[PDB]
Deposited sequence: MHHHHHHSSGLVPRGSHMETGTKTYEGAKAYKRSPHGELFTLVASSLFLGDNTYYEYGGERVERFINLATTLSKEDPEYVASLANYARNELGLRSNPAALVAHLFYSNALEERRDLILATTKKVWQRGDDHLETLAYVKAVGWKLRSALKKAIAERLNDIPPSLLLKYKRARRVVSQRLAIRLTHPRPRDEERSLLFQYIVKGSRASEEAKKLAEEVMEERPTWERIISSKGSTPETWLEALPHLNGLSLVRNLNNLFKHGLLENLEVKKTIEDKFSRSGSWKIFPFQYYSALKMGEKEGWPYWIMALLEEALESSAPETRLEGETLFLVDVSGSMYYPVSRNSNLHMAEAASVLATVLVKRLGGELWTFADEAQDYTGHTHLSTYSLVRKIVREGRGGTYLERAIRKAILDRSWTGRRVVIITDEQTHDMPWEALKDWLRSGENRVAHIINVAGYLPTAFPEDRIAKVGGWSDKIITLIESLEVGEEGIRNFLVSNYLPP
């Protein structure tokens, strides 16, 4: 299936880096074939990948392929809608330009015009925040290649500043430091004035959502969490936490740091409440059995910057999803342990308990027999999160359970990358690593190569 192959090639870049040998040449071939044969699918995939998977290079390349296909002339409105969905950040159109360069194509008029219109339309402060002045494909290069006719006086001056910087008129240099002086981000208050109780007090009104959550320790170390006006302001902000774009693991990461540092209980309680409320909406239906690897090897950091280890990340995900879908929550190492009787604890407390009670070796097949096979579990979906190494003839007990009922499916997420990302094969889908975007991936993989086309177009065709 070329539709399915292109999907998993794109999705796998979540684990093989956003960004050549086989995967480049196969990507080019599949994207060319599908932009000719099913441009709606290509456009929906680029939207999905940009905005559900958070990927940047693959969707920008898919946009390039649409511009160089029959869809340019036959479906210009689709191409415009797609660029509206894919060119989100100030440098995304630069990624499309970069791909066109990488593959050897001549930059064509329609793409030039689209980039030029984008150069005229991006908010000025965002166009300067993503100058990309030291990249090869910079905003300077884009302006010189696409020749935007400045719509506005300010835009003429922004172009001047971008293309020559120092050598620009002070008429333009001033406006450069003005789109940065007004409406300044909190990062600016702190970088310019430094890091003091008064500078963080000034930053706080501009601290919202994830930026607030991630900067609570800076507030704490300056004593600001004992300031009563700070408390009132953070309570006001957290009263709208339901509207934040934030994953459950980011609340858990904040709480864990609050444990280490001794944050006051009032802020911990706010974070615990926000974590408890953080179940995402999913297309998945039906009770689900989660089987979470908590062997010692899972106690490795998720990444260099994260304060989480893998067992924590996997447990956070499984706990939030099982509270949304219903079903069962098991972990496993030497033995399987059933936590379903404990889902009434807060998510924070349950995950802390799980990870505290984990560690050991990795006996996945034994766990599947205890948890799924011998108990004759009756739900239709199993999700296993593991770092087990590649065994030959793997999950035969799982296949046994999958054949013992109608429409059963399993997803195996291997956080060490020891599996590919694959649509269900013998009713087992596979995910090639860890990602905070696993839910939308499972959703897509569950519809199979037979449903992915209409699934992606009906859900994600650019409007």
Original post:
Can you list the gaps, numbered from 1 on the deposited sequence, where no C-alpha is modelled?
Top reply: 1-33, 53-57
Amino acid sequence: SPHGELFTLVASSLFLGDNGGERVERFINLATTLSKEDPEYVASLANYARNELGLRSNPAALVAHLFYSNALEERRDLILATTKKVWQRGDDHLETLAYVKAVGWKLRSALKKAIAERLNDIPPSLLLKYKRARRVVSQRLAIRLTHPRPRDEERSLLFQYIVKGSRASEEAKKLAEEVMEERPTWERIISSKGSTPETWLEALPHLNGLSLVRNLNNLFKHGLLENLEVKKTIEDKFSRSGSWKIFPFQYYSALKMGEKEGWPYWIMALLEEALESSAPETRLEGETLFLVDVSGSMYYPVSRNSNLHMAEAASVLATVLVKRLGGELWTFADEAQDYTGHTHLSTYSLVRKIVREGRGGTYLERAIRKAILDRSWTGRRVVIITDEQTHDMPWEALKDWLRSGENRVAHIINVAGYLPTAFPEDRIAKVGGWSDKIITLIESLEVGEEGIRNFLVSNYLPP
From here on, numbers count along this sequence of modelled residues.
Original post:
Of 25-33 and 399-407, which one has the bigger average CA B-factor?
Top reply: 399-407
Original post:
When the C-alpha temperature factors are averaged for each of 390-398 and 53-61, which stretch ends up with the higher value in the entry?
Top reply: 390-398
Original post:
Which one, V100, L175, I246, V355, has the peak C-alpha temperature factor per the PDB entry?
Top reply: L175
Original post:
Out of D92, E226, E170, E272, which residue has the highest Cα temperature factor in the PDB record?
Top reply: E170
Subject >> CA B-factor ranking of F159, expressed as a third of its chain >> reply: highest
Original post:
Going by the entry, which third of its chain does the Cα temperature factor of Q250 land in?
Top reply: lowest
**OP:** Using the B-factors in the PDB entry, rank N19's C-alpha atom against the chain and give the third, lowest, middle or highest.
**Re:** highest
**OP:** Taking the chain's C-alpha temperature factors as the reference, tell me which third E235 falls into: lowest, middle or highest.
**Re:** lowest
Original post:
Of the three thirds of its chain by CA temperature factor, lowest, middle or highest, which one includes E74?
Top reply: lowest
